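Structure first, then comments.
Have a look at this one:
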C-alpha cells in the first residue's frame, strides 16, 4: 500500500530529526556552560567598571588638586618675582654705584701708584742731566754720564713693574669671581645631593609601595579564587533548581488528574450508593411484589383452601345428599383445613419447584439447540440445501406446530369471549357485545377450518409417496411464511389485545393458500375417515356458534312488534335448526373413537359418497354462515345511528338478505328464506343420517396405521447412498496398499530374475570352463608329479655317486691303514736287514 | 493492515519524543538567549573597559606630571625666596660698599693730590740741580751717591719684577687650585646629576608599576563584592534546592495517596457493585420468585380455573339437586362473584400470558424432540452406533449440562441454607443449625469442585485432537451414568427435601470418577488460565465457607471459660485467616476478565509454576477443610449427650484434632497447631502474591486464537466424505483394473523365476557331477604325487642318517691312521739317531 510507504518515510524523517535535536541539546548545554563563563566575566568587567569609574574620577580629582596647587605655587612665585624685580633693580643701581665708586677708587689707586712710580721716575729723570753733564769735563760730570746710563736702565725696568702690577690686579679680580662662583656651585651641589637623597627616599617609598600592592593583590586574588569556587557551586545549584522546577510542574499536573479521577470515582460511588438506595427499595418493593404475589398466591391459596373447603364441603354436601339413602344423612368425610396456611408453604414450595423447573427447561432448550447445531454440522450440504430433505423434515414439523398454535388460539378465544351454546340469548347483542361475539365466533370458525386442512396435510404426508413428499418439502419457505399470521394472533393474546378490531385478513389468506396447495399436490391422497369426521364435527360446532350469534344479533336488530314477520319466523327456524344439528353432533361425538369404552370402535371407515356428503354439508354451512354474517354486518351499519328503542324494518333486513343470498348462493331471484331453509334442511337430514349410521356401527372399522412414512423411506435411501460410498473410501485405501505392495513385488521379483539369469549365464560358462579347468589342473598336478619324480631320480643318482665316493674313501683309508701297518713292520725289518751283509 | 497501525503508533511515539526534548531544547534556548545577550554586553562592557583603561592611563600620566609640576613650582618659590634674602643682603652691603669705596676714593684722591705735589716738587728740584750743574760745570764727588742709588734701583726693580712675578704665580697657584676645585666640583655635580637622573627614571618606572598594581587591586575589590553577592545567592539557592526537593517529595507523596485512594475507591465501588449485584440478584431472585410465583399464580390460576370449572360444575350439579331444594333471587347487594373475579382476571391479563407461554414452550419442546428424532433417522448407522460420533456429540452436550445443573444445586443450596460470609456468628451452631450449615457448605464446596473439573473438560474438548475426542466420546455411557447423582439432588430440591440427612457419597464419587477420566485422557491438554483462576477463586470461597462454619461449630462446642486455651485461639487465628483470604479473593475477582471495563484484560496467561502454586493452594485448602470437618463431626457426637450449658474439654477436642491431623496430613507426631497454621500461612502468602501480580497486570494477555473444535473438523470430515464418496467409486474401478494388470504381470515372471531356479539347480547338479568326476581323477593323481613326495623325503633322512654315519666312520679311520703314523714317526727317529754312533 502507498500509505505504508508514506508512513515509513515519515518514520525515517522523525527519527532523523530526533538524532539531530538530541545532538543539538547536547551542544546547547555545552553552550550554556559558555553562558556561565560569560556571566562570570561580565560581572568581573562590571565590577572593574564601577570601581574604574570612581578610580577615573579620583585621578581627575587628584589632577585638579595637583594642578590647582601648582597654579597657586606659580601665582605666589609670580607676585614674588615682582618683589624680585623691585629688589633686583635696586641691586643693580647699588652695584652700578658701588662699581663706579670702586672703579674710581681703583683709577685713583692706579694713579697713586703711577705717581709714586713717577716720583721714582723723576729721580731717574735726573738722567736728562747727561746733556748738561758730559759737556763740562771728565771727573764728576762725565762720571755722572755712566751714572745716567744706569739710571736709564732703571727707567726701563720700572715700566715692566707697572705692567705686571696691572696684570696682577686683573688676575685678582678673576680670582674673586672664581671663588664666589665656586660658593655658588657648592650650594648647587648640596641642593642636588639633597634632591638625590629625596629621590632615593621617594623611590624606596614607591618600592615599598610596590611590595605592599603585591601583598594586597594576593589577598584580592584570594577573593577572586573565592569567587570562582562560589560560582561553580552556584551554577550547579542553578541547574538543579531549574530541573526541580520542571519536575514540580509535572508532578502538579499528575496530581490534578488524580483529583478529577477521585472526584469522578466519588460521583460514581454516590450514584452506586443511591442505586443501592434505589435497589433496597426495589428489593423491598419487588419483595413487596413478592409478598404481594405471595399474598396473591396467599389468597389463591387461601382460596384454593376456600375452594378446597368449598369443594370439600360441596362434595361432603353432595356425598351427604347421596349418603341420604337412609334417613341418617350426616357424614362429611374430610377435616376442614384453615386458610392459605399449610397451603402457604405448599405454594412457596411450588413456586420454588417451578423456578427450578423453569431453569431446567431453559437449560434443556439450550441443550436441544446445541445438540441441534452439532447434528446439523454432520449431515451434508445436499441435505441442507434449499428444497433438500431438510425442508421436507421442516414441513413435517410445521403442520403439528401450526395445528397446536391454532388450537391454542381457539381455546383462548373461546374462554376470553365466553363463546357458549347460549350466546344467542346474551344481552346487548345489538351493540359492541354482539360485534365482539361475532368476531370471536368467526375467529374460532376460521381456526377450526385451518386445523381440519392441516390434519389432512399431516395424514397425507404420513402416507404419500416420496416424490410427493419431496415436492411438498420444496415449498417449505412459502408455506412456512403463513405461520406468522398465527404468531401475530398469539402475540395479541399474550398482550390481551385480541378484540374485534383485529384484522383477520392474513388468517383467511393462509387458510385459502393451504387449501389450494392441498388441492394441487395432495388431492388424490386418501383421507383418514376417523378424524375427517372429528374435524367435521368440530367445524360444524364452530359454524353453529357463528350461526347462533348472528341469529341473535339479527333478532336484536329488528324493531319491536315485528315478531310475527316472515324474517323473524325464519330466524326462529334457524335457531331451532342450530339446536337440532348440535344434538346430532353430540350423538356422533359420543361414538367417536379415542376412548377405550365398550362399543366405541378403534377407527372409522366410510366410502367416498359419505365424504362427498360431508363436503356438501360443509359447503351449505359455509353459505349460511356467510349470508348471516354479511346481513348482520350491513344491518349493524344501518342500526348505528338509530336510538336504542328504535329498530330496523323487516323491509330493510329483507333487502339485505336478498342481496347477500344472491351474492353467496349465486342463484339470481332466489328467495333467501327458502335458500336458507333448504340449506338447513339438507344439514339436518345429513347429520341425522350420519348419527344413525354411527349409532348402528355402519362405519366401525379396524384402525389403519400409516405405512412406513415417506420420511423414513427417504432416510433409509439417504443412509444407503451414504454407506455404500462411505465404505468405498476404506476399500480405496486397501486397494492403495495392495497396489503399492504388488508393484513393489514386481521390481523385487524382476531383479531377482535378473540376478538368477546372470547366474545361469555364469555357470553355463562355468560348466564349460570347468571341463577346461579340470583338464588343466590335471596337467598342472601331473606336471608337478613329473617334476617330483625327476627330482627323485636326480637325487637318487646323486645319492649313488655320493655312496660310491664315500665308500671309495673308506676303502682307501682302510688300505692306507693296512699299508701303514705294513710300512711299520717293513721299516723294522729293513733296519736289521741292512746291517746283515749278504 | 497490522503494519499500518504499527507505523502510526511509531510515528506518534517519535512525535512525542521530539516534542518533549523540543520543550527541554526551548528552555535551554531561552537560556541561550540569556547567554547571547550576555556575550553582546560582555563585548560592550569590554570595549568600555579597554577604552576607559586607555583614558585612565592618560589621567595617570597627567597626574604624575601635575605632582611633578607642583613640587617643582614650590621648590622654585623656595629657592627664589632664598634669593630674595640674598638680594636684600646684596642691596644692603652694596650700599655699604658704595660708602666704603667712596671714602676710599676720597682718601686716594688726597694721596693723588699729595703725590702730584711731590711730582711738582721733584720737577722743581731736578730743574734746580740742572741749574746748579750748569753753574758748576766742573764737578767732583757728587757722581757717587746717584750711581749707588742706581745699581741699587736696578737690583731693586729686577727683584720687584721677580717679586710680584712670584706673587702673580702664587695668585695663579691659588687660582688654579681653585679652578681645579671648580672642575672637581663640577664633575661631582655632574655625577650627582647623573645619579639623580637615574633615580628619577627608576622612580618613574616604579610609579608606572604602582599604578598598574593599584588598578589590579581595583578589579579585585570588585571581585570581593562578587564574593559576597555569590555567597548570598549560593545560600539562597541551596535553600531553594532543598525547598524544591521537599515540594517534589510532597507532590510525589500525595500522588501516592491519590493512586492508593483510587484503588480503594475502585474496591469500595466493586463492593457496592457486589451489593448492587446482590440487590440485583435479589431483584433477579425476587424476580425468579415473582416469575416462579407468577407461573405459580399461573398454575394456581389454571388450578383455580379448574377449581372454578369444577366448582361451577359441582354447583350446577348441586343446583339441579337444589332445583327441587332451593333457588335464589336476592335483593340489591354487591358481593362480587368469587373473591378473585378481577384478581384472577388481573393475574390473567398478566400470567394468562404465562399460561400461553407454558403451552408454547411445551409444543416447542415436542417440536424439537420430533425434529431431532427425524434428523437422527437420516444419520448413518455408523454415526449412531455405540462409541460412534453421536456419543462424542452427546459428551459435548452432557458436560455443560452437568455444569448448569451443578450450580443450579449450588445456587439454590446457598439460598435455602442462607450460606453467608457471617455463618460463623450464627446462633445455634452447637445443635441442628450447625449441622445443617456444615452440610450446606460441604455440598456447595463439592459442587464447586465438580464445576471446576467439568470446566476443564469443556476447555480440553474444545481444543483436543480428534482421536482424544473419539475415545472420550466412547466413554459417554459411563460418564452419563454419573448425572443422576445431580438429578437426585434436583429431585430433593424440587420436593424441598434437601437436608443434612441426604447422602452425598454419589456426588463425591462421580467427582472422583471425572477426576481420573481427566487425568487419564486429558492430562496433557492445555488449561485456560483465565477460567482456571476463576474456578480457583470460586473453590477457595466455598472452602472458606466450610472453613468458617466448622470454626464456629468448634467454638460453640468448647466448655465455657476456656477461651484462653491454645485450641480456642488457634480457632480465632483460622477465622482471621479466612477473612484475609476472602479479601484477597475479592481483590482478584475485581480485575478478573469478563466485563468491558477499562484495565480489565481480555484474557489471562500464566506459566506452569503459577498453576502448580494454585494446585498446592487447593491441596492445603482441602486438607484444612477435611481436618475441621472430621474434628467437628467427632466433637458433635461427643457433645450430643451433654447438657446445653456443658461443653467439651480442650483435652478432648485436641485429642480429636491430633487424630484427624495425622490421618489427613499423613505426617506422624505433627502438632495439628503447626499443620493448620502452616497451611493457612501458605494460603495467605500465595493468595496475596496472586492478588499483587493480578493488580500490576503480570497475567494480562489477549484471548488466544480460536481454532476449530475437534467436533467441527470431524463433522466437516464426515459431511465431506459423504460428498467425495461418489468419485471414489470411479477411482476404485481404476485401481481394480490396475491390480488385475499387476497380478497378471506378477504371475508370468513368477514362473519365469521358478523356471530359472529349476535350471539353476539342474545346471549345478551338472557342475557337481562334473566336478566330482574331475576331482576323483584329480585325487587319483595327487595321491601318486603325495606318495612320491613322501618317498623322496623318507628316502632323504635315510641318506642323511647314513651319511652322517659314513662321515663318523671315515673320521674314526683317520684317527687310527694318525695313531699308526706317530708310531711310524717315532720308529723313524730312532733309526736315524742310531746311525750316528756317539
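Chains as they are written, first to last, in full-length UniProt numbering: chain A, 214 to 1051; chain B, 214 to 1051. In this text, a Cβ means the ideal position worked out from N, Cα and C, and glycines have one as well.
Query raised in the report: If you measure from the beta carbon of residue 562 of chain B to each beta carbon in chain A, is any gap under 9 Å?
Result: yes
Query raised in the report: Hey, is residue 627 of chain B's beta-carbon within less than 9 Å of any beta-carbon in chain A?
Result: no
**Report entry** Delimiting residues of the alpha helix (DSSP H) encompassing residue 768 of chain B
**Finding:** 742 to 770
Query raised in the report: If the cut is a Cβ gap below 7 Å, which residues of chain B does residue 707 of chain A touch?
Result: 566, 569
**Report entry** Burial state of residue 555 of chain B, where buried means 16 or more other Cβ atoms lie within 10 Å
**Finding:** With fewer than 16 other Cβ atoms inside 10 Å of its own Cβ, residue 555 of chain B counts as exposed.
Report task. Please list the partners that residue 385 of chain B has in chain A, where partner means a Cβ-to-Cβ separation under 7 Å. Result -> Correct list: 384.
Query raised in the report: For residue 914 of chain B, which residues does DSSP report across the bridge?
Result: B:816
Requested in this report: Check residue 1052 of chain B in the structure and name its three-state DSSP category.
Outcome: Given that chain B is displayed from residue 214 to residue 1051, the structure contains no residue 1052 of chain B and the question cannot be resolved.
**Report entry** Pairwise C-alpha distance: residue 699 of chain A and residue 573 of chain A
**Finding:** 28 Å
Query raised in the report: Would a C-beta distance cut-off of 9 Å place residue 703 of chain A and residue 660 of chain A closer than the cut-off?
Result: no
**Report entry** residue 842 of chain B in three-state terms, based on DSSP
**Finding:** helix
Query - Per-residue DSSP class, three states only, for residue 636 of chain B - result: helix
Query raised in the report: How many Å lie between residue 285 of chain B and residue 286 of chain A at the Cα?
Result: 9 Å
Query raised in the report: chain A beta carbons: is any one of them nearer than 9 Å to that of residue 745 of chain B?
Result: no
Requested in this report: With DSSP collapsed to three states, give me the class of residue 630 of chain A.
Outcome: In the three-state DSSP reduction, residue 630 of chain A falls in the coil class, being neither helix nor strand.
Requested in this report: Can you tell me which of A:800, A:910, A:787, A:735 puts its alpha carbon nearest to the alpha carbon of residue 815 of chain A?
Outcome: A:910
**Report entry** Within-9 Å CB hit, residue 1089 of chain B to chain A
**Finding:** Examination of residue 1089 of chain B is not possible in this model, given that chain B is present from 214 through 1051 alone.
Report task. Please state if the CB of residue 823 of chain B and the CB of residue 735 of chain B are separated by a distance shorter than 9 Å. Result -> no
Query raised in the report: Is the number of C-beta pairs between the stretch 454 to 471 of chain B and the stretch 525 to 533 of chain A that are closer than 8 Å three or more?
Result: no
Query raised in the report: Using a beta-carbon distance below 9 Å, is residue 687 of chain B in contact with chain A?
Result: no
Query raised in the report: Do we get a CB-CB distance below 9 Å when we pair residue 606 of chain A with the residues of chain B?
Result: yes
Requested in this report: Flag residue 447 of chain A as yes if its beta-carbon sits less than 9 Å from any beta-carbon of chain B, otherwise no.
Outcome: yes
Requested in this report: Please classify residue 909 of chain A: does DSSP put it in a helix, a strand, or coil?
Outcome: coil
Query - Stretch-stretch touch, CB-based, cutoff 8 Å, three pairs: the stretch 735 to 754 of chain B with the stretch 840 to 857 of chain B - result: Result no; under three Cβ-Cβ pairs closer than 8 Å.
Query raised in the report: Among A:253, A:866, A:663, A:966, which residue has its Cα nearest to the Cα of residue 442 of chain B?
Result: A:253
Requested in this report: Can you pull the chain B residues whose beta carbon is under 7 Å from the beta carbon of residue 893 of chain A, in chain order?
Outcome: Ordered by position in chain B, no residue passes the 7 Å Cβ test against residue 893 of chain A, which lies about 30 Å from the chain.
Query raised in the report: Mind listing which residues of the stretch 340 to 362 of chain B have their C-beta closer than 7 Å to chain A's C-betas, in chain order?
Result: Flagged, chain order: 342, 343, 346, 347, 350, 351, 352, 353, 354, 355, 356, 359, 360.
Query - Length of the line joining the Cα atoms of residue 921 of chain A and residue 679 of chain B - result: 37 Å
Query - C-beta atoms of residue 492 of chain A and residue 496 of chain B nearer than 9 Å - result: yes
**Report entry** Cβ neighbour criterion (16 or more within 10 Å) applied to residue 1017 of chain A
**Finding:** exposed
Query raised in the report: Taking DSSP as the reference, what is the three-state secondary structure of residue 982 of chain B?
Result: helix
Query raised in the report: Once you ignore the five residues that flank residue 597 of chain A on each side, which residues in its own chain have a CB closer than 8 Å to its CB?
Result: 589, 603
Query - Touch test, the stretch 428 to 440 of chain B against the stretch 434 to 452 of chain A, Cβ-Cβ under 8 Å, three pairs minimum - result: yes
Report task. Alpha carbon to alpha carbon, how far is residue 246 of chain A from residue 445 of chain B? Give it in angstroms, no decimals. Result -> 22 Å
Report task. Check residue 163 of chain B in the structure and name its three-state DSSP category. Result -> A query on residue 163 of chain B cannot be resolved here, the shown segment of chain B reaching from 214 to 1051 and no further.
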